[PDB]
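Before any questions on binding or motion, here is one chain by itself as structure tokens, the form deposited in one PDB entry.
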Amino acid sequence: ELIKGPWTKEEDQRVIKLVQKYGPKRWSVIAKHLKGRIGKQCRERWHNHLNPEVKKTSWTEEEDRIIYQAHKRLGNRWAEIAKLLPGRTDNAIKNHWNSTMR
């Protein structure tokens, strides 16, 4: 019933299209359109990777410290580190690191 593993480009495209239709808060409804994926999965894929919005251009020291400790722990695993930062996607973190923390 439920599928696991990597998100395909087709699935990512689908989530974006459905968010435009239902908005960023009917995750269970959006999930009905994706084979084997549930609301929670779609929600996290959006907030941790797909969301194109930029709401905060500055970073706090608390965020930097979390990234630094996670990097020592895991290395350059942006997708995993993104799970630890409430308002950041993996790409946001990757760029912040290479231009300010590296």
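Note that residue numbering begins at 1 and tracks the sequence as displayed.
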item: Stretch exceeding the other in mean C-alpha B-factor - 90 to 98, 76 to 84; value: 90 to 98
item: Stretch with the higher entry mean CA B-factor, where the candidates are 55 to 63 and 27 to 35; value: 55 to 63
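In what follows, reference is made to the form deposited in another entry, a form of this protein that is not presented.
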{"property": "Pairwise C-alpha change, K56 versus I16, in the other entry against this form - closer or farther, 3 angstroms or more", "result": "closer"}
{"property": "Change in CA distance between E11 and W78 in the other entry, which is 3 Å or more, as closer or farther", "result": "farther"}
